[PDB]
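Numbers for residues simply follow the sequence, beginning at 1. Just the heavy atoms: all of them, side chains too, but no hydrogens, waters or symmetry mates, feed the values below.
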Amino acid sequence: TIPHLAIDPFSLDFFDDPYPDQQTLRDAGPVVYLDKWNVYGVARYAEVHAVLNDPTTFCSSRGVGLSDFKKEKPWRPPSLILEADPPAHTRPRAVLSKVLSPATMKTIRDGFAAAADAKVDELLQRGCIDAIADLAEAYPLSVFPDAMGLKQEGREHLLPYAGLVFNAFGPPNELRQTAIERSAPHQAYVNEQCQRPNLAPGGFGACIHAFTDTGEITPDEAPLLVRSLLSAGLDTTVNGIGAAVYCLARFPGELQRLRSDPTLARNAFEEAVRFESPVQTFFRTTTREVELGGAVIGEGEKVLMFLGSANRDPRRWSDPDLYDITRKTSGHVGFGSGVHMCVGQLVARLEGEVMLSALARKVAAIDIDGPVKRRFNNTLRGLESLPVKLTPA
Ligand code: HEM
Ligand SMILES: O=C(O)c1ccc(I)cc1
Ligand SMILES: [Cl-]
C-alpha cells in the first residue's frame, strides 16, 4: 500500500538537482517508504504541514535527524528547544521568543541596515565579486556574531560548526562522518562561547543568560540555548541570502520589479526562502501507530519531511517553479510550522530584507559571470560559489 522507492535524498546527485526526484516522491503517494535509509517520507504540502502540526504523534525529542535518540547516543547533548517536545519545549521556546522578539529587532535594525548598505557599496567598488563568500557569507558574519555578543577571536569556527550541525542531522554517509571526524575544535570553541562570562553585555547570548531568573529556564540551561543560536543563526541566513541573490541573478525581471519598489524587499526574501528552501528537510519520530494519508505508520518510525518539496507542490502553489516576489507566500514551510516554527525568523527576515533593500536601491543588474559551484550538505541547500558582476544603479 505504501510505495517503496530507492531514491537517496542525501546523495550528491540528489543535492545537485533535487526537483525531478521530489516530483517522483510527491506523485508516488502521500506517504512513501525510502528503502535506502528505512524511513517514511512525506513530500507533499498537505502531509508535511499535517506532520509539523501534530507534535504529539510526530515528536522531536527522539531527534530531528535520522538518528533515533532512543536507540543511539546523540553526537552532542540534545538541543533544549529543537530536540524537545511540549511541555519541556515550552518555556525555553518562550525565552528565545523574547530574546529574538519584535522589541529586540527595533534595537538592532539600524545597525543591520547600515552594514547591508555598506557591504553593497563595497561590493559595487569591486564590481565582480563572489556572491557567496563576499556577500551571503560576509554580510551575516559582519552583523550576527556581534549581535550574539561573541568576541572576535575564533569566529572562523562558526561556519564549520554550523556545517557540522546540519550534516549531522543526515544519515551516516560520508558528509556526516567526515564532519564529525573534524568536529572537536569547533565544538570546543562553541561550547566555550556559550558561558555567560564570554558573551558581551546587551547581545543575544547575554540576554539568554539574563532570563535565567524568571522561572522559565535555570542557569544551567542557558549555555545550550546559546548553542542553539550559534548552531542555527548564521549558516541558515547565509543560505537564505544566497538563495535570494541567486534568484535575482536568474530572474532579472524580478530584480527589476524589486528596484522599482524596494518595499518589496521583505517579500522578495520570503519568496526566496520558499523557492530555494535553504533548510531542506527535518525528521520526526512517531510516538504511536498513526494513519497518515491512508498509510499506517508504526510507533517509533522516522518520518522525513521534505520542506523544499512541500514548498514546490503544485497541489498547493500556482507555478511553484517560478520566483515571484509579489506571491502570497503565507503558509510556506521554509521556516517550519507550528510549535517549533523558526523562533529566529525575525532575525532571518530582518537580515534578508535590509540586504535586498540595499540591492534594490543600489544595483542595476546582477549577471552571473563565472562557474557556479554548489555546496553539498545533508540538510542545507545552497551554493559554494556564485560569481557575479554587479552593475551600479
Ligand atoms: C533563512 C533563515 C532560516 C531558516 C530557513 C530556518 C529554518 C528553520 C526551520 C525549518 C525550523 C523548524 C525546525 C523543526 O520544525 O524541527 C527552525 C527552527 C528554529 N530556528 Fe530557524 N531558520 C532560519 C534562521 C534562523 C535564525 C537566524 C535563528 C537564530 C537567530 C534561528 C533559530 C532557530 C531555532 C532556535 C529553532 C528551533 C525552534 C523550536 O524548536 O521551537 N533560525 N528554523
Ligand atoms: O537548537 C539547535 O541547535 C538548532 C535549532 C534550529 C536549527 I534550523 C538548527 C539547530
Ligand atoms: Cl557542541
Side-chain angles (χ1 to χ4, degrees), residues 7-25 36-37 43 65-66 123 128-141 158-179 182 232 234-252 254-255 269 271-282 304 306-312 320-323 334 348 352 355-356 359 366-390:
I7 290 169
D8 180 359
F10 305 97
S11 64
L12 308 183
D13 279 350
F14 183 108
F15 299 142
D16 178 72
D17 181 8
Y19 299 112
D21 284 340
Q22 289 173 350
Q23 177 167 12
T24 298
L25 288 162
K36 175 58 175 173
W37 297 117
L66 165 73
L123 294 173
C128 302
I129 57 96
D130 186 335
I132 306 305
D134 301 325
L135 193 170
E137 282 179 354
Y139 167 69
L141 279 172
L158 287 167
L159 287 175
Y161 184 77
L164 154 73
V165 170
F166 284 105
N167 274 321
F169 298 121
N173 59 15
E174 181 186 34
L175 285 168
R176 178 173 201 278
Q177 302 179 262
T178 75
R182 302 168 186 176
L234 183 69
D235 209 2
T236 58
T237 68
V238 174
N239 291 287
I241 290 165
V245 174
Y246 196 30
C247 293
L248 292 166
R250 295 179 284 177
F251 296 85
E254 294 305 277
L255 175 58
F269 180 75
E271 171 71 343
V273 178
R274 176 201 74 83
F275 184 89
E276 288 300 328
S277 292
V279 178
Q280 286 271 292
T281 46
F282 270 123
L304 180 49
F306 291 88
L307 309 178
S309 172
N311 281 337
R312 276 162 178 270
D321 49 339
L322 299 192
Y323 180 71
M355 172 64 62
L356 292 203
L359 296 177
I366 301 162
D367 293 298
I368 298 175
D369 74 343
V372 175
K373 304 194 309 165
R374 176 155 302 278
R375 180 173 290 166
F376 300 113
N377 183 277
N378 279 329
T379 302
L380 296 169
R381 167 165 169 87
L383 297 179
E384 175 63 28
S385 167
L386 175 55
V388 292
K389 191 183 69 173
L390 302 183

Got [X] and [Y] here, is their nearest side-chain heavy-atom distance under 4.5 Å?
X    : Y    : result
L141 : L234 : yes
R182 : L164 : no
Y19  : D321 : no
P278 : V273 : yes
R381 : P18  : yes
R176 : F169 : no
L380 : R375 : no
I241 : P140 : yes

I'd like to know whether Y161 forms a side chain to side chain contact (heavy atoms under 4.5 Å, CB included) with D235, so could you lay out the CA-CA distance, the side-chain angles of the two residues, the decisive distance to 0.1 Å, and finally the verdict. CA-CA 9 Å; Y161 184 77; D235 209 2; over 6 Å; no
Closest non-hydrogen atom pair between [X] and [Y], with its separation:
X    : Y    : value
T281 : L304 : CB-CD1, 3.7 Å
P320 : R274 : O-NH1, 2.9 Å
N239 : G382 : OD1-CA, 3.3 Å
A272 : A244 : CB-CA, 3.5 Å

After noting the C-alpha distance and the side-chain angles of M355 and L135, does the key distance pass the side chain to side chain contact (heavy atoms under 4.5 Å, CB included) rule? CA-CA 9 Å; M355 172 64 62; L135 193 170; 4.0 Å; yes
Applying side-chain contact (heavy atoms from CB on, under 4.5 Å), name anything that partners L255, two or more places apart in sequence or on another chain. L248, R259, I366
Identify, with sequence neighbours excluded, every residue that meets side-chain contact (heavy atoms from CB on, under 4.5 Å) alongside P252. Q256
Could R250 and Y323 be counted as a cation-pi pair, given that NZ or CZ must be under 6.0 Å from the ring centre and within 45° of the axis? no
Less than 3.5 Å apart, which donor and acceptor atoms pair up between the side chains of residues 9-16 and the rest of the protein, not counting sequence neighbours?
unit_1	atom_1	unit_2	atom_2	d
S11	OG	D8	O	2.9
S11	OG	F14	N	3.3

Measuring from atom CG of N377 to atom CD of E384, what distance do you get when rounded to the nearest 0.5 angstrom? 11.5 Å
So how far is it from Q280 CD to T379 OG1, rounded to the nearest 0.5 Å? 9.0 Å
